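Asker: I'd like to ask you about the structure that follows.
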Amino acid sequence: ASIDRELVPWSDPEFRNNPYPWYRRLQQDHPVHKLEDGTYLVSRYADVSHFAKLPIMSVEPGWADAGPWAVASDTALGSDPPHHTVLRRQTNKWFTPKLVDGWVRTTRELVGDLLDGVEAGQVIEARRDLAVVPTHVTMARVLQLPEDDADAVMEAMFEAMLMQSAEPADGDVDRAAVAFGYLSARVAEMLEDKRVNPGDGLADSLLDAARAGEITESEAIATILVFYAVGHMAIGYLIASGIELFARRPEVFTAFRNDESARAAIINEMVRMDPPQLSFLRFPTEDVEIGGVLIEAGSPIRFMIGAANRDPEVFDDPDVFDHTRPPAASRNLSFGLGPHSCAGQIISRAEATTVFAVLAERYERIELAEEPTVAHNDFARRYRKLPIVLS
Ligand code: HEM
């Protein structure tokens with residue numbers, strides 16, 4: 001209780017900015033820690049790896065209770081197998097590598113356009129203009145939905161994410177209700193337009209799957225809304241994080257420039273050191289013993305991704321950025337694992353590669369024009385602004 005505040009002060013500004021020193025104590029001394037409220041924190045790589053992916057780990061109860069976020073219950077994120085596999089089939093077939101090569105053409109075009117527009121030495125707000133809008137429009141093009149709402153989409157997800165903290169402030173649930181009301185209204189308008197003017201994008205595919213009985217109508221519309229809303233979000237964070245990293249560690253940007261074959265490794269090390277999603281929940285459908293601690297069926301288990309990605313039992317010098325870590329020790333948990341591993345992962349890596357590549361094509365050096373403005377919490381990392389100058 002006061003023990004919980006010492007290990008994981010979820011609301012503390014310092015913990016929120018950089019929890020990683022606290023994660024060490026957790027992982028070393030309290031690897032399976034039961035909080036006050038009943039949630040077990042699981043922070044060792046081995047335990048996250050082995051346990052989070054088990055068939056007994058249900059994703060159902062938390063999202064079903066999540067108020068405004070219950071929309072996730074009608075997607076892969078909040079649905080267990082067997083139906084999980086069928087929801088995932090609906091979108092996986094849209095995001096094979098060859099399909100993704102074509103989708104990220106949009107990413108490349110928009111980045112090139114932005115960069116063509118600038119004057120030498122001009123301050124670029126990299127979070128909106130190189131991260132959020134390119135990825136938002138990329139996904140909207142795949143869906144075949146209108147492309148022009150990135151800014152209000154991003155504000156809405158900013159508001160919807162507040163209640164995902166382990167310690168929501170008063171009113172954060174209400175703010176999420178407002179956010180999801182907006183996204184629902186926008187999706188409803190866009191789908192009425194699509195009934196009268198159908199396309200052949202991922203949104204038309206999902207609607208057809210619901211008409212064909214493969215998924216429900218609610219599941220089609222919830223999947224549309226989620227992919228449309230989050231297309232910019234965690235991927236927008238990874239892009240901005242990598243840009244900041246290129247700026248504070250220019251030898252990394254130079255390596256990315258000089259060595260095409262290192263690119264996937266560099267992006268994967270960025271992803272390891274700064275996951276945008278710091279945990280997820282699971283609800284075991286039967287008792288399970290982890291680290292010698294018996295967790296009862298139904299108890300919340302919060303698997304700590306960020307903490308696990310610095311496990312020194314797996315990663316030597318875990319707080320050191322090193323893109324040369326060997327294949328035997330370069331697997332991180334930032335995209336999850338098991339059947340729920342991120343449904344955006346192949347397009348995410350390709351979008352981040354595209355933006356960094358365009359930058360690499362045109363410049364030698366990234367600098368921060370001022371300190372970045374961030375809005376992190378215990379659950380998700382987030383930039384508000386990332387002013388840069390390219391040379
Ligand atoms: C850097 C980018 C991203 C990271 C680091 C990330 C992280 C994650 C994590 C940690 C999970 C597992 C959640 C859990 O198991 O409860 C997840 C799942 C998911 N993500 Fe991503 N995410 C990213 C980008 C995206 C994008 C662009 C999309 C839009 C397609 C997306 C859509 C999803 C969906 C639908 C799931 C649920 C998959 C399932 O339950 O089978 N993500 N993501």
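For the structure tokens, the naming scheme is as follows: chains receive sequential letters (A, B, ...) according to their order of presentation, residues are indexed from 1 within each chain, and ligands are indexed from 1 in presentation order.
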Return as a PyMOL selection string every polymer residue, whether protein, DNA or RNA, with at least one atom no more than 8 Å from an atom of ligand 1; count only C-alpha atoms and all ligand atoms.

Answerer: chain A and resi 59+75-79+84-85+88+135+139+223+226-228+230-239+271+275-282+305+333-345+347-349

Asker: Those residues you just picked out, can you put them in a file as a compact mmCIF listing (two decimals), in the first residue's frame with C-alpha atoms?

Answerer:
```
# COMPACT_ATOMS: atom_id res chain seq x y z
CA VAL A 59 -8.05 -10.77 -22.55
CA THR A 75 -11.82 -6.47 -31.58
CA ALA A 76 -8.95 -8.95 -31.49
CA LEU A 77 -7.49 -6.96 -28.51
CA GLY A 78 -10.41 -7.97 -26.22
CA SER A 79 -11.42 -11.34 -27.66
CA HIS A 84 -9.75 -14.23 -31.90
CA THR A 85 -8.14 -16.11 -34.82
CA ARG A 88 -7.12 -11.49 -36.70
CA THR A 135 1.19 7.27 -40.30
CA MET A 139 -3.60 3.73 -42.41
CA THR A 223 -12.02 -3.07 -35.73
CA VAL A 226 -9.50 0.99 -33.65
CA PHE A 227 -7.26 0.62 -36.70
CA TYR A 228 -8.38 4.09 -37.93
CA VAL A 230 -4.53 4.07 -33.50
CA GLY A 231 -2.91 4.08 -37.00
CA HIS A 232 -0.89 7.15 -35.92
CA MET A 233 -0.43 6.44 -32.26
CA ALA A 234 2.19 3.94 -30.86
CA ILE A 235 3.93 4.08 -34.32
CA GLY A 236 3.91 7.90 -34.13
CA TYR A 237 5.63 7.56 -30.74
CA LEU A 238 8.35 5.10 -32.05
CA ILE A 239 9.14 7.41 -35.02
CA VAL A 271 11.77 -0.34 -29.91
CA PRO A 275 8.37 0.79 -25.92
CA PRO A 276 5.36 3.19 -26.25
CA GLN A 277 3.14 0.72 -24.34
CA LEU A 278 4.66 -0.18 -20.99
CA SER A 279 2.36 -3.08 -19.97
CA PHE A 280 -0.76 -5.05 -20.71
CA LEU A 281 -3.28 -7.04 -18.67
CA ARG A 282 -4.32 -10.63 -18.68
CA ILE A 305 7.03 -4.83 -21.07
CA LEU A 333 8.52 -7.58 -25.95
CA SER A 334 7.48 -4.12 -27.21
CA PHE A 335 4.97 -5.59 -29.70
CA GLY A 336 3.65 -8.21 -27.22
CA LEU A 337 3.81 -11.97 -27.83
CA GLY A 338 1.55 -14.99 -28.33
CA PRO A 339 -1.73 -14.76 -30.28
CA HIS A 340 -2.21 -11.06 -29.34
CA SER A 341 1.13 -9.84 -30.56
CA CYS A 342 0.60 -6.53 -32.23
CA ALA A 343 -1.72 -6.58 -35.25
CA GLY A 344 0.24 -3.47 -36.54
CA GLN A 345 3.72 -4.80 -36.19
CA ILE A 347 3.37 -2.03 -41.01
CA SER A 348 4.82 -0.26 -37.99
CA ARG A 349 8.39 -1.41 -38.60
```

Asker: Fewer than 6 positions away in the same chain doesn't count, so skip those; otherwise give me all residues within 7 Å of residue A:286, counting only C-alpha atoms, as a VMD selection string.

Answerer: chain A and resid 56 296 to 297

Asker: With only C-alpha atoms as the counted atoms, please give the residues lying no more than 8 Å from residue A:269, apart from itself and same-chain residues fewer than 3 positions off, as a ChimeraX atom specification.

Answerer: /A:265-266,272-273,321-323,330

Asker: Go through A:67, A:102, A:327, A:134 one by one, measure the shortest atom-to-atom distance of each to residue A:172 using only C-alpha atoms, and give the residue with the smallest value.

Answerer: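 For residue A:172, the nearest of the given residues is A:67.
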
Asker: Write out as a list in words which residues come within 10 Å of stretch 192-202 of chain A when counting only C-alpha atoms, dropping same-chain ones fewer than 6 positions away.

Answerer: residues 90, 91, 93, 94, 139, 140, 141, 142, 143, 144, 145, 208, 223, 224 and 227 of chain A

Asker: Print the selection's residues with C-alpha atoms to a file, as a compact mmCIF listing (two decimals), in the first residue's frame.

Answerer:
```txt
# COMPACT_ATOMS: atom_id res chain seq x y z
CA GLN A 90 -9.65 -10.16 -41.16
CA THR A 91 -6.75 -7.78 -40.86
CA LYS A 93 -4.29 -10.73 -44.78
CA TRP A 94 -4.13 -6.91 -45.42
CA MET A 139 -3.60 3.73 -42.41
CA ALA A 140 -6.52 5.73 -43.65
CA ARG A 141 -5.49 4.89 -47.23
CA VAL A 142 -5.36 1.24 -46.42
CA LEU A 143 -8.84 1.41 -44.85
CA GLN A 144 -10.12 3.70 -47.67
CA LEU A 145 -11.42 6.26 -45.20
CA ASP A 208 -18.32 -7.60 -45.96
CA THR A 223 -12.02 -3.07 -35.73
CA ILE A 224 -12.40 -0.19 -38.24
CA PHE A 227 -7.26 0.62 -36.70
```

Asker: Using Å and a single decimal, report how far atom CA of residue A:1 sits from atom CA of residue A:35.

Answerer: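 The value is 7.2 Å.
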
Asker: Can you pull out every residue within 12 Å of residue A:174, counting only C-alpha atoms, but drop anything in the same chain fewer than 5 positions away, and send it as a PDB file with N, CA and C atoms, in the first residue's frame?

Answerer:
```pdb
ATOM      1  N   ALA A  66     -14.267  -1.875 -19.287  1.00  0.00           N
ATOM      2  CA  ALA A  66     -13.445  -0.711 -19.480  1.00  0.00           C
ATOM      3  C   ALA A  66     -14.255   0.544 -19.842  1.00  0.00           C
ATOM      4  N   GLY A  67     -15.588   0.493 -19.656  1.00  0.00           N
ATOM      5  CA  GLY A  67     -16.460   1.631 -20.001  1.00  0.00           C
ATOM      6  C   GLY A  67     -16.294   1.982 -21.509  1.00  0.00           C
ATOM      7  N   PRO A  68     -15.917   3.227 -21.842  1.00  0.00           N
ATOM      8  CA  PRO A  68     -15.667   3.708 -23.215  1.00  0.00           C
ATOM      9  C   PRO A  68     -14.723   2.759 -23.959  1.00  0.00           C
ATOM     10  N   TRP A  69     -13.706   2.250 -23.273  1.00  0.00           N
ATOM     11  CA  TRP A  69     -12.769   1.274 -23.913  1.00  0.00           C
ATOM     12  C   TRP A  69     -13.303  -0.134 -24.178  1.00  0.00           C
ATOM     13  N   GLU A 159      -6.843  11.963 -25.254  1.00  0.00           N
ATOM     14  CA  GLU A 159      -7.838  11.939 -24.170  1.00  0.00           C
ATOM     15  C   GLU A 159      -8.271  10.523 -23.804  1.00  0.00           C
ATOM     16  N   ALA A 160      -8.513   9.640 -24.801  1.00  0.00           N
ATOM     17  CA  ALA A 160      -8.971   8.286 -24.475  1.00  0.00           C
ATOM     18  C   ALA A 160      -7.937   7.489 -23.676  1.00  0.00           C
ATOM     19  N   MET A 161      -6.662   7.854 -23.822  1.00  0.00           N
ATOM     20  CA  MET A 161      -5.571   7.035 -23.209  1.00  0.00           C
ATOM     21  C   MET A 161      -5.357   7.333 -21.708  1.00  0.00           C
ATOM     22  N   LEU A 162      -5.873   8.463 -21.232  1.00  0.00           N
ATOM     23  CA  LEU A 162      -5.661   8.899 -19.836  1.00  0.00           C
ATOM     24  C   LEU A 162      -6.191   7.837 -18.896  1.00  0.00           C
ATOM     25  N   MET A 163      -7.283   7.169 -19.269  1.00  0.00           N
ATOM     26  CA  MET A 163      -7.872   6.278 -18.242  1.00  0.00           C
ATOM     27  C   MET A 163      -7.186   4.932 -18.257  1.00  0.00           C
ATOM     28  N   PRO A 168      -5.934   6.543 -12.823  1.00  0.00           N
ATOM     29  CA  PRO A 168      -6.589   7.600 -13.567  1.00  0.00           C
ATOM     30  C   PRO A 168      -6.882   8.779 -12.649  1.00  0.00           C
ATOM     31  N   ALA A 169      -6.723  10.011 -13.105  1.00  0.00           N
ATOM     32  CA  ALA A 169      -7.302  11.152 -12.408  1.00  0.00           C
ATOM     33  C   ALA A 169      -8.825  11.188 -12.559  1.00  0.00           C
ATOM     34  N   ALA A 179     -13.974  11.307 -25.987  1.00  0.00           N
ATOM     35  CA  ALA A 179     -13.069  10.875 -27.101  1.00  0.00           C
ATOM     36  C   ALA A 179     -13.724   9.809 -27.998  1.00  0.00           C
ATOM     37  N   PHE A 180     -14.240   8.731 -27.393  1.00  0.00           N
ATOM     38  CA  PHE A 180     -14.852   7.654 -28.156  1.00  0.00           C
ATOM     39  C   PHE A 180     -16.184   8.037 -28.809  1.00  0.00           C
ATOM     40  N   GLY A 181     -16.899   8.987 -28.201  1.00  0.00           N
ATOM     41  CA  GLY A 181     -18.052   9.580 -28.847  1.00  0.00           C
ATOM     42  C   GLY A 181     -17.660  10.272 -30.144  1.00  0.00           C
TER      43      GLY A 181
END
```

Asker: Determine the nearest neighbour of residue A:219 from the options A:86, A:328, A:41, A:366, counting only C-alpha atoms.

Answerer: A:86
